[PDB]
Every structure is written in structure tokens, then in C-alpha cells.
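Asker: Show me how the following folds:
(chains A, B, C and D, ligands or ions: 4)
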Protein chains: 4
Amino acid sequence: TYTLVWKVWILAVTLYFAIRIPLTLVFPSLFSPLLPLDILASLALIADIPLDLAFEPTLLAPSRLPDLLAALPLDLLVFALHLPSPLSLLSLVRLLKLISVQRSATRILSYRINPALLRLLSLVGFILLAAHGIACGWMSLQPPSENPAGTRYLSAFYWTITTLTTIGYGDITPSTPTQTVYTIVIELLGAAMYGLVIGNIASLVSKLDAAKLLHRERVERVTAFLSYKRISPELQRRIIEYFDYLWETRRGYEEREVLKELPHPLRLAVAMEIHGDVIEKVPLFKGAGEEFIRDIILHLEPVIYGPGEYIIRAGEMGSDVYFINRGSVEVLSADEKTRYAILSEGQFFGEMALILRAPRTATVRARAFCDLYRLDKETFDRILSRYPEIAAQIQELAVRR
Amino acid sequence: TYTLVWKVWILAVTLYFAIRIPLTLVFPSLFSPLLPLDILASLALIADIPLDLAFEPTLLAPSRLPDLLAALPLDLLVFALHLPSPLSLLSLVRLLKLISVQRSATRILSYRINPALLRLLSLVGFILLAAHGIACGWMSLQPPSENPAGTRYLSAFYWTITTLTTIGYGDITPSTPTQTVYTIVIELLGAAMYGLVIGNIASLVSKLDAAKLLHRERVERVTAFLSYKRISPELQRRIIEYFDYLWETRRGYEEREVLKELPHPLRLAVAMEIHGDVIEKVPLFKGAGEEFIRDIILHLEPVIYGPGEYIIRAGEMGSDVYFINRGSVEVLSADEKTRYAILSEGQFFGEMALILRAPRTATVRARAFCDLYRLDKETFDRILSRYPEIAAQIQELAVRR
Amino acid sequence: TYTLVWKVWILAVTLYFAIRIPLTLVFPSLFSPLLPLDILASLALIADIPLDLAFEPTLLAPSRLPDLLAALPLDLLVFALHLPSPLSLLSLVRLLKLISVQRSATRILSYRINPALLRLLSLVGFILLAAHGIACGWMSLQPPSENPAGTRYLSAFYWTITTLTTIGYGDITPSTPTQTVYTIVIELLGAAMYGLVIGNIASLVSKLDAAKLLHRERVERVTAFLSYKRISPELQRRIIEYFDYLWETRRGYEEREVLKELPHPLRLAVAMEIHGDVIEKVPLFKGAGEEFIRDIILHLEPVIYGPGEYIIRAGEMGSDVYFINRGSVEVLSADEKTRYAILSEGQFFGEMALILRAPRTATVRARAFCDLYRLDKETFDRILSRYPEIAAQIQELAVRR
Amino acid sequence: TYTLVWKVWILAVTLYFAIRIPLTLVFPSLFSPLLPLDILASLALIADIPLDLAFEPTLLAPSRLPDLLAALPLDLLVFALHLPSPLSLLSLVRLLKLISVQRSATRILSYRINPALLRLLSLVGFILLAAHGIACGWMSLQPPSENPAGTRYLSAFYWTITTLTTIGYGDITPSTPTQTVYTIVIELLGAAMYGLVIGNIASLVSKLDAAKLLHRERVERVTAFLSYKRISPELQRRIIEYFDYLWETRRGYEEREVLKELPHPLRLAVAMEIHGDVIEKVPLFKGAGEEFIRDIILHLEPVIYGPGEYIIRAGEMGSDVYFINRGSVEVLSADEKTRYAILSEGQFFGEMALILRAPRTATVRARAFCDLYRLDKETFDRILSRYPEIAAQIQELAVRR
Ligand SMILES: Nc1ncnc2c1ncn2[C@@H]1O[C@@H]2COP(=O)(O)O[C@H]2[C@H]1O
Ligand SMILES: Nc1ncnc2c1ncn2[C@@H]1O[C@@H]2COP(=O)(O)O[C@H]2[C@H]1O
Ligand SMILES: Nc1ncnc2c1ncn2[C@@H]1O[C@@H]2COP(=O)(O)O[C@H]2[C@H]1O
Ligand SMILES: Nc1ncnc2c1ncn2[C@@H]1O[C@@H]2COP(=O)(O)O[C@H]2[C@H]1O
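Answerer: Residues are numbered from 1 along each chain as shown, chains lettered A, B, ... in the order given. Ligands and ions are numbered 1, 2, ... in the order given. Please see the structure below:
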């Protein structure tokens, strides 16, 4: 962090020069009672050279020539020698340090803020600094007057702000050919700057809601298609409330498409974190090796059931086993008159299907949105074929009907 | 809804304060014949504290400190005691309730309107309210005059509107250093506000047509590729009219990609809704269990045939069976001189292919765009292998040639 | 088209009213030498009612009430009776026909133009028409003067155009409280209109190049990844020139992803159009049924070879057969000292691989970008298993070594 | 390049005409001491006709009529004959060459610059040129004055720049009906031009960061989903630092999705470039044919392991073999108390798994981010089935336990 405060000091010295140099060009009465601070400033700006050359691309580099062009005290010379106005503008080389400061900021602070906002903040800072420079430029090429320095600077800053925002009141206007040329030049500059601001704000806003518009558009697409297919309002309302649940819980993201941007080891660690509250107590995987567990966990597919949907129907063959994660379930009878149990988070049903293909013995209805994971029997057999010990033990559990 | 009218009352009291406080700061002649209504207002704004603390994150919360900062009657004190202008601006803490009102609106009404439009409406309301505040601020720092209150408020609102829209006529301009500083500040504010408005409008418009531009661009892509491949105008016109039919019926959405954003139970319910008018009367699935039906319905693939395309050619082996959904079909002979029948919505053809691989006995031509669903024979056998009873019955129907 | 000229006549009568009604409100000296044309206009606007009610949603419809609100001659009454200004503004109901005209245009002409440009054109037309209306409104509430009608209309249109574009010269300004309120209202309107124009232009431009930026970004992605992987400049230049060829020929579109947005019958017809110049003369598919041909054509995968790349290497086993489409090929010897032949568009090589897996007998080098299609041997066997006659004939051709 | 300098000469002559023609219409005192250069210019503009007709679509073409309309000396006639102002405006046909110049530029220079920036540069050039033309137009229709030509041109350019940027000071304003009509027309033109500039800048900025925002949004999506799934901060921090590594190394691009936009031969050449430092020294593929190597290289799947993750666990069966590319590895013992070796870039482990399925003999932990490639045993057997010699040799190496 001792570099991350020296960067702030460098920014402060750069903004000292970018506020003092033009204000001193217009007012030679300065630079006498400010010389020590700017000599300290020059020594600081030359002490940055070894503090970034020792930052583990040598001199005269396409990206490091601005730093050396701002490094040399090319001030302390024109003001000390009192060079005439036509040639003393080259004292402004110190302002080239702003480019290096901006490249620093666009990669140091560019971790915890939206880049389209960092760009806008940098642009606004540069606009304010350029407005100060333009105000000094306008105030330089005016007829001599005995008005104090503070008043005419206020008038100059007022004029440049009313020109750069493209408001243009018209109470301060050019009166001389050179003033007219200057005004044309910075009218073009102000139009460009304001266009840049509007473009940056439009780019910042055009992506301020992303998940919400993606979800909204997928819902519109689904509803248009089902309105074409002539589907009942009851089901076309069940689908709407399912999408409502999806948005309110996980911002509409699809589980299987999100958990696929991860590499295999992080994906496996996430899968263990999730199915760590279930798959240790299943009374047919008990005592199996950890690799069998790690093999049956990467092949669990999620599925969400709304309130009242049939998960399992009594009498049908069935082959799946379901693990409840974030919901609840009621086990009813074939005639649906008795409620055997209310399974909830952590528990599971359908366990007997993996052993043999006996028809289901009870019906299963969701009570709320369940958000549960299912395992097939084809997948279970496929990944059981590689573990002869557990496969033989399950075949034994099968031979008992 | 008794919360959804109290929110409206809270909005009304907040906008009462945000219109009365500055207008009373400029005009001390008020606050005498308005005190009861604003004391009712303060009691209402303090009765909001338990009506959202009992909303099932305690005091001094990063998102609930504005409410308590606007809650305390920090008005009723500066106006009653007639505090001087430099310090009485802290009476404006009541305006912080606007932030809580906006957070309320951006999630209560944020269900049935495009979020990019709700944001624009909130921004426009805030601009009007800030323009009132800025007009009062400008009207405060003017030389004393005997003009009535209504006239100078009209002039102040005129000036702030002609500054905030960046029009800037110039007939009302600063005449004092403090007025010039104020004008600079709100010129910057007006440029920012107008840039925000333009960005919001651009973001709202840049996605006003989505399905249409997606369809248009896929048609351009297809036509460019086939123009490269040197394909006849006849076929490159058949493709254009197919895309025309797709757009005019289902807005260009792909059937198999839309009906895939649904979970398995909702997808199965949609599939039953669609194929509920066909698969109950097929005279070889008759009497089969409901699970067999639910298994053959999830494996039907759609396909659209244009007017005059050959669906089935007499003599070829063939293995598929087609279900007509939203079109019509004519069954012709091998020599294509006799029209056996005109099948339409609900009916089906190719049924004998699933039984055995006898060559097709008649040709089939579309009459309009058909929009029909097909089932393979490999898929039919694959999902028939799991139902020995129906498989044996179909083998019996096969042994009769 | 006799409806598609009556729509133009309706547009002309609507724009006659939207230009005449305000200009007559300001100038009562009209409406005497213009009554017959507007009575014809009213009869035309009432003859539109049966010409769209007989357009194969009855009266008092949410989308057809503007037409009936503009239909009744609510003009011909205020001007004939000379109603006072406060109440005669309701004569403007005829302008509601503009909404129906716009809904007509946004679906009639909305086939052959970019919708983001049709929207902009409609917006610009509405802006010009509203500027005429606003000019008449401003010219109504002015002090009486003896200036001619043409001059004060020029001044009014000048003022409203310099206000709506947010330029605001300031040489024509309000001078009365009612003029100030009017100016505030249309300053807000002009800011909104100009923001709409800027948003529409930004949306129109932000998608003016699509294929080009997609291609450019995929090339940047590829080059960044290979620069990370430290790949030679020679190969990283071969890839660049391959992408150059892709862009210059088919605008960077991927063949297998474009020809997949088509249904199966159109895709098969396109495949026959493309492989119609090759697969009739292959001397082992000769005499096979048309269905075998239609089966081997849908399984041809494209592949592009740059200039000098090895397609087939002598000695390797190999299993594929390649069909030249849009390039050229030279067949060289194992020692690469003799050029046996120069195959070109239409011809094919590797034919003997499908029969048996004898090692390749000669090497094959591309001369230019080839753009050729390949067929496997696994796919060929898979789709040959369903044709016993052709399979037996090929086995016979195989038994001859 | 001798065409690529003649294009620059054509651009220079076109910009000579587009700066001289209006300035000569206003000032007839020119065209006497400039005739030779513009006669050279006309001969140059007529020498472009054969230098693009011989560019390997004949005369009177929809895209080449502007060139012939600018080709004929329709100047050198109105100025020589001194035609009156109403009809001499047709001398401006030379400016139509700008359209051909722009079509040239939008495909010659349109290779190494972002198209949205080339469009903006062309628009800005056209705006400056049109501002010169508009300044000349405004200066033509002014009352006669004895002011010098340079001064009134400065005033005219000042007025047109303050109108086109929508600043509108108001110190130069119309004073005549024709001046008012001209000012209205170019107020509309300036609003359109400035809207175009803002739209182009917004489009240029709205895609200035693409990889960064894609990466940022995928990280937000992942973190929101895992915050919903209630995953530990330790693992939800491991995932964040993995995404940090991905961004800092390869800009967040997915390896398997980037290296899939390439055709098969370029993909194979890239794969050899990458796995050229490993797969020549594996002591069981040694001596195998080059085709076996080229077959095992296209089936290597990448995977990234963070610092400390278990790649291989001692005791588990295991079937994979891993090739280290851009990281490091430490081989530890079953009790994890002894470090056998430190494998690094180029080396590989797990080689014995392909031979037989003996349990792993040591554990393997990453030391830094590894970025290594893995080969299965199912894939190895699948692609070994096609090489009987190498398969037999590996079976021999297997029969030695
Ligand atoms: N009495 C019960 N209490 C809780 N769960 C049950 C009960 N009876 C059956 N189940 C579960 O419901 C499932 C339905 O049939 P299965 O064969 O899939 O296996 C069954 C068990 O998992
Ligand atoms: N006379 C007929 N009327 C209606 N449909 C028929 C007739 N003859 C054949 N078909 C259908 O057309 C199909 C063509 O051959 P298939 O063997 O596929 O099965 C046939 C029936 O489904
Ligand atoms: N003399 C030749 N002229 C043209 N083509 C040839 C010649 N010899 C071999 N080929 C082709 O080159 C192929 C290389 O080996 P194949 O066995 O694939 O089949 C070969 C033929 O298709
Ligand atoms: N002493 C060692 N030095 C380096 N690598 C080893 C050593 N012992 C085992 N390995 C590697 O670690 C792997 C772990 O078990 P495998 O059977 O996969 O094959 C092993 C070798 O690839």
C-alpha cells in the first residue's frame, strides 16, 4: 500500500501543476511566492522515474515517454527567465503526466467499480481541468483592465462553462478576430466533450438492468409462443408464477448453465458443498468409498416442482430417486386420502427404484416450490458398473426382493 | 392493498414537503397558515417508522437511515425560531424521504412496466422537483423588489427551465458574483440532468424492437449465405416466404428453443395441452397406459412444410409418423392423378411405418403451411423397449403383415 | 393496391387537416374559401369507417376510438358558429387520425425498411407537424399587430424551431406571463423531442455494422488467446488470412450454423441445390436409389483448406472422401516430385477409402482456398446399413480388393 | 500502392473543389488567378474514369453515376460565362465526388480501424466541409458592405459554428425573411448533424470494453447463484481468485470455446504448436506413427487447478493422464509427509493409468495455477482401437503387470 499512497501523492502533484501552470502564465505575479512547493513537485515527479523503473520497456518507450517529458523541469525556466508568450506555452509539458496518471487509474482502481463509470469519472475530471485551462486561455487574450484577478477569473470560468455545456447565454461574447477564432475552436471542443459525456452516460445506463431484462424478454417469448399454441389460462398462469419464483429466488439464472462456467475441481467442490447435507445417510450408499459418492454427486440434475404438482404417481414403474434441497413434500396414498409423511429439506424419496423396478407404492405431491435434485437409474447403473464391490452389495440388497 | 394506499399517502406527504420547504424558506410569510397540515405530515412521517419496522436490519441501518433522518421534525424548529439563512438549510432533511420513496417504487411498481421506463419517469419527476428547488434558490439570492410573489417565481422557474434544458435564451442572466457561481453550478447540474435524460431515452429506444430485429438479421444472414452459394431465386424465395410465415405466426421464435426454458413438469403439461387433440385415438396406442402416452409425447419433434412440399413419397421405405397440428394435407396416388383424402388438424398419417418397414403406399403433399409433429421409428422402438406389454401387442399387430 | 392508394389519400387528408386547423384558428379569414375541400375531407374521413370495418373488435374499441373521434365533423361547427377561443380548441379532434395513420404505416411499410429508421422518419414528420402547431399557438397569443400574416408566421416558426432544437438565440423571447408559461411548456416539449431524436439516431447507428463487428471481435478473441499460448507468427498469420478469406467471401458466417435455421425440407432442398453438381457421377453410388443420395447429402460436413495445406497424406490409413466445391487441388506423389492431376470444382478424391481401409496412395495439397465437403466412413457405414442392396453391391466392389 | 497514392491525390483534388467552389461563388474576384490549378483538377478528375474502369457495371451505373456527374467540367463554364446566381448553383456537381471518395475510404482504410471510428471521422470531416459551405451561403445573402473578405468570412464561420453546435449565442442573427428561412433550414441541419455525432460517439463508447464486461457479468452471475446456494466464503473466494487468474492471463476467454472457431486443419496445427513440447517423449507412445500422435492430441481437454487442489488422490482407481503446460506440481506420498518430486512444464503424471487400472500410488497437489491437459482412458481406448500395432504393443506393456 506504500505504492498505493505514492500514487495518490503523484496524482496530487499532477493536479497541482495542472491548476497552477496556466494560472501563472496569465498572472506573472505568482511563481515568486510558490517556487519552493513546485520545486518539491519537480523533485517528486523525478523521483517517480526510479519508483516505476524499479517496478520489475526501457527509456524512450512508446508508453513511458510522457513521464519523462513531464519529468524535466521545463518550468522553473520560462517563468524564471520570463520568456515571451509565443514560446512559453511549451512550459505545459508537465500536463502530460495526466496521461500516465489515467493509465495508472484505469488498472489500479479498475477492480471494484464498473469500468463505464470509472471512464465517466475520469472524463468529468478532465473536463473540469480543461475548463480551468480554457478559462485561463480566454482570460489571457482580453484587453487590459484594472479589475481584480478574482473577478475576471469568475467571468472567464462563467463563459467557458456556458460554452462547454452548449447553453450559450450570450452575455459574454467575442469582440476581436483572435477572440472569435478562440471561441470557434472551443465551441467545437465543447460540442465534442458534451457528446462524449452523453455517450458515456448512455453506455452506462444501457446496461444498468441486465438480469431483469433477460428474464423479462424470456417471459415475453414464452408467453407469446404459448398464446400462439392456444394454451389454457390456468397453465399459462402456472408458468408465469414459476418464472416469478425463479426471479425472486435466483434472479432468473438457470442452475445448469451457471454451474458450468467453473472448472471441474471447483465444480466438484461446489457440488459437495451443496449435496453435503444429504448424501451421507442414504441407507444403500452407506459404507461405500468416497469416490463412489463423488461420482454420484456430479450426475444429479436439478428440477423445480410448483405447488401441487405430481412428482411420483402410485402404480407407474418409475426409475428415479429425488433429493429434497429447498422445499417440502407430502407423501400420499394411491387413493390420495391418507398423508403418510411430510418430507422436507435433506430427506429423499424414490430410493427403492434404483434397486429394482417395482412399481411406485405411493404418490408424491409438492407443497411449495421444491427445488429438488434427481438421479436416474440408467445413470446410476452406468456409474455403478465401475465399482464391482458396491454393485455386488446392491445386487445382494436386490436379491431380497 | 392497505399498505399499497399508505405508500401513496407517504408519496403525497413527501411531495408536499419537497414543494413547501424551499418555497417557505424564500417566503417566511408562509408556515403560519400551513402549520397544522405539516404537523400532520410529520406525524405521518413518524408513523411510517413502525409500519415498516413491523414489516417482518434494525435502527441505524445503511438503507434505513434516510427514513429516520427525514422522520424527526427538524422543521417546525427553524421556521418557528426564525433561524438565519446560513444555518436553516438543514431544514431540508425531509427531502431525504425521496430516496426511500424511490426505493419503494423501484420494487413495488417494478412488475408491470419496463424498468427502463420506470427509471425515466422517476428521473423526470426528480428533475421537475429539483427545478422547483433551484427556482426557489435563484429567487432567494436576488435584490429585494416589490414585485408580487407569483411574478418573480414565474421568472425564476423560467430561468431555471431555460438553463436546465440547455437552451439558454439569455434574457435572464447573472449580475453578481454569487449569482454567477450559482449559475455555473446549476449549468453543470443541468448538463448532467439532460445527459441522463438523453441516455435513458436512448436506452429505452435501443431495445424497443427485439424480436423483429433478431428475425430481420437472421433472414439477412441466411440470404447472404445462399447468395454466396448461388442458389436459385425460386428456392431463395421459398425460404423468404417461409420466414414470412414464421414471423407472422409466432414472431420468429423457434419452437424447440422456446419450449426448453421450462422445467420438466411444466414442459410435460404444455406437451399434453398441445398434443391433447391427437394422441388419444391412434388405433395402435389405444388401451395403452397413460405413462406410454406421456413417454411418446415428449419425443415429438415439430417440422413445418410449405405449400406443395413432399412430406412422404410413394415407394420409399420411410420410418416416420406425422401428426397434423395447424395445417392441411392431401394424400395423392403414386402417379399423382387421384386424391385419396384431405387430412387436416388432429388427424395423422404414416401410422403403418412404426409397425413394419413396408414401403410407403401413397404420396403426401402439403396444401398450406402445415406445422406438424413427427415421431421416428428408432425413438419409438427405443421407448417401446421399456413397455413389454405394449411391445408384445405391437409385435402381434405386426405378425399380421 | 387499391387499398394501398386509399391509405395514401387518407394520409393526405389527415395532413391537410393537421396543417389547416390551427392556421384557421389563428386566422378566421380562412374557412370561407376552403370549406368545400374540407367537407370533401370530412366525407373521405367518414368513408374510411366502412372501408376498414369491412376489412375482415367492433365500434367503441380501444384501438379504433381515435378513428371515430376524428370521423365526426366537429369542425364545420366551431368555425361556422364562430365559437370563442376557450372552447374551440376541441375542434382539434381531427388530429387524432394521425395515430391511426401511424399504426397503419408501422405495419404496411414495415416490411422493406429497418424499423429503427421508419420510427425515426415518423418522429421527424410528427416534429415538423407539431412545430407548425406550436408556431400557430405562439402566434395566437401575441399582441395585435398590422403586420401581414406571412411575416408573423415566419417569426413564429423561427422562434419555435430555435426553441425545439435547443439552440435558443434569444432575439424572440416571452414578454408576458402567459407567454412565459407557454415558453416553459414547449421548452420542456422541445427537450423531450430532441432527446427522442438523439435516442433514435443512436439506436439506428449502434447496429449499423453487425457482421463486421462480430467478425472483428472473434478475430480479436482468437488472436489474444493464441498470443497467450505463444504460437508462431507464421501460423498466427495463416489464421489471420483464413479469417480474411472468410470475411471477403461469406461475411464471416459459419456454414454449419447458418444452414441450421431452416426446417428439414428447405434444408434438404438447399443441400440438393449445392451438391447437385457433384453427387450424380460418383462411380460407386451410380444406379442407387434417390433416397440413398438424399441420405448421403445431409451428412456432408464442410471444411476449408488454405493454400498449401495437406488434405491427404500418402501412407496414412484414412477413411474420408472429399468433394471439391469452390476451389482447386493438386494430387502429388509420395515423394512429392510428380503432379498426377489437378482436381477442381465438381470432382472428388479419396473415393477408395469408403470401400476398404487401404492406405492412401498419393498426397493431396490445396492450391487455393478449397471450400470442400467431406464424408466419413463411420457415417457412410451407419447410413449404408439401412440399404441392403447398395451395401451388398459395395461389398462386391470390395471383394475385388 | 501506386493506386493507394492516386486515391490520396483524388481526395486532395476533391477537397480542393469542395473548398474553392462556394468561396468562388461568393467572391467572383477569384477564378482568374486559380484557373490553371482547377483545369489540372478537372483533367485529374477525368483521368480517374479510365483508372477505375480498367479496375477489372458499365457507364450509367447506380454506383458510378456520381463520378461521371462530377467528371464533366460543369465549372469553367458558369464562372467563365459569369452566369447569374439563380442558375449557377449547378456548378456544385463537383462535390458529388465526395460520395465516391467516401465509398473508397469505407473499404480501403476499413481494415485496421474500428468501423464505428472511421464513420465518425468521415462524419466530422463532412461536418467541417459543410460548415464551410454553409458559411459561404450565409455570407452570400448579406447586405453589401465594404468590409474585407477575411473579416466577413470569419463572422460567417463563427455564426455557422455557433448554430451547428446548438450553442446559439445570439450576437449574429437573421434580419431579413430570406435570412430567417436560411437560418431555420440550417438550424434543422445542425440539430441533425449534432444528433448524428452524439449517436456515433455513443455507439463507439457502448462497446469500448467487451471482454471486461462479459467477464464481470459472468462473475456477478456466479456469485449471485452461489450466494443463493449458501456456499462458504472460503470456496466462494477460491472461485473469485480463479476468475481473477482467468482474467489476468487470457482475458477471461474459455479455451475450448475459442479454439473451436477454427477449421479442422488450423485447429490441428494449433494443437501441434501447443502440445509440441510434451508429446514426443512419453515412454509408451514412443515409436508410434505420427497419425497416432495427431489422433491423441485433438482429444486433450484442458483443466485449471488452483493452488493446493488435489489432482490425484492415492488409493483411488483413476483412469486419466495429465500433461503439465503452464504450471507446477508436487508429488506427495499417501501420508503426505514426503515430497517425491516437483513436476513442471512439459512433464506429465498418471501415465500408468492408461496401461491398467491399478490404484494410484501417490497423491498430487498443485502448487500454483497449473493450466494442464488431461486424457481419459475411455477416449484412449476408443482411439487406440484403430491402431492394432500400437494396441498390441500396449497390451504387451500391460502383460508385465
Ligand atoms: N410410509 C412412508 N413414509 C415415507 N415415505 C414413503 C412411505 N412409503 C413410501 N415412501 C416413499 O415413497 C416412494 C414411492 O415409491 P418408491 O418405490 O419410489 O419408494 C417410496 C419411498 O421412497
Ligand atoms: N386411402 C387413404 N386415405 C387416407 N390416408 C391414407 C390412404 N392410403 C394411405 N394413407 C396414409 O398414407 C400413408 C402412406 O404410406 P404409409 O405406409 O406411411 O401409411 C399410409 C397412411 O397413413
Ligand atoms: N493418378 C491419379 N489421378 C487423380 N487422382 C488420383 C490418382 N491417384 C490417386 N488419386 C486419388 O487420390 C486418392 C489418395 O488415395 P485414396 O486411396 O484416398 O484414393 C485416391 C484417389 O482418389
Ligand atoms: N517417485 C515419483 N516421482 C515422480 N512421479 C511419480 C513418482 N511416483 C509416482 N509418480 C507419478 O504419480 C502417479 C500417481 O499414480 P499413477 O499410477 O497415476 O502414476 C504415478 C506417476 O505418474
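Asker: List the buried residues in the helix or strand that contains residue A:129.
Answerer: Secondary structure assignment for residue A:129, by DSSP states H and E: helix A:115-140. By 16 or more other CB atoms under 10 Å in any protein chain shown, the buried positions in helix A:115-140 come out as A:115-116, A:118-120, A:122-123, A:127, A:129-139. C-beta: built from backbone N, CA, C; applies to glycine.
Asker: which SSE is the closest residue to ligand 1 within the stretch 51-200 of chain A in?
Answerer: Proximity of the stretch 51-200 of chain A to ligand 1 (CB to the nearest ligand atom) peaks at residue A:112, 48.6 Å away. For residue A:112, there is no enclosing helix or strand under DSSP H and E.
Asker: what about it, how many neighbours?
Answerer: By other CB atoms under 10 Å in any protein chain shown, 6 other residues sit near residue A:112.
Asker: That one and chain C: what is the separation?
Answerer: Going from residue A:112 to chain C by CB to the nearest CB, to the nearest Å gives 24 Å.
Asker: Which single residue of the stretch 251-400 of chain A approaches ligand 4 most closely?
Answerer: For the stretch 251-400 of chain A, CB to the nearest ligand atom, closest residue to ligand 4: residue A:291, 14.2 Å.
Asker: actually the stretch 101-250 of chain A, not the one I typed
Answerer: Counting by CB to the nearest ligand atom, the stretch 101-250 of chain A gets nearest to ligand 4 through residue A:111 (38.0 Å).
Asker: what's the spacing between that residue and residue D:251?
Answerer: Residue A:111 sits 15 Å away from residue D:251 when distances are taken as CB to CB, to the nearest Å.
Asker: mind checking which helix or strand the nearest residue to residue A:252 once chain neighbours are set aside is in?
Answerer: Distance criterion CB to CB, 6 or more residues apart in numbering or on different chains; nearest residue to residue A:252, sequence neighbours excluded, is residue A:215 at 3.6 Å. Remark: residue A:215 resides in helix A:211-228, with elements defined by DSSP H and E.
Asker: can you check residue A:40 too?
Answerer: Assessed by DSSP H and E, residue A:40 sits inside helix A:35-53.
Asker: for residue A:323, helix, strand, or coil?
Answerer: Three-state assignment for residue A:323 (DSSP: H, G, I helix; E, B strand; the rest coil): strand.
Asker: In what element of secondary structure is residue A:244 found?
Answerer: Using DSSP H and E, residue A:244 falls within helix A:233-250.
Asker: what helices or strands is that helix leaning on?
Answerer: helix A:211-228, helix B:264-274, helix D:211-228 (3 or more CB pairs under 8 Å, 6 or more residues apart in numbering or on different chains; DSSP states H and E).
Asker: for that helix, the distance to its chain's centre please.
Answerer: Mean C-alpha position of helix A:233-250 versus that of the full chain (CA atoms, centre = their mean, to the nearest Å) differs by 28 Å.
Asker: Just the residues contacting it, thanks.
Answerer: Surrounding helix A:233-250, the residues in contact under the criterion CB atoms under 8 Å, 6 or more residues apart in numbering or on different chains are A:212, A:215, A:218-219, A:222-223, A:226-227, A:252, A:304, A:306, A:369, A:371, B:262-263, B:266, B:269-270, B:273, D:224-225, D:228.
Asker: one more time with 6 Å, if that's ok
Answerer: Contact with helix A:233-250 is made by A:215, A:219, A:226, A:252, A:306, A:369, B:266, B:269, D:225, D:228, as judged by CB atoms under 6 Å, 6 or more residues apart in numbering or on different chains.
Asker: and the angle from it to helix B:264-274?
Answerer: 160 degrees (axes from the mean of the first three to the mean of the last three CA atoms, to 10 degrees).
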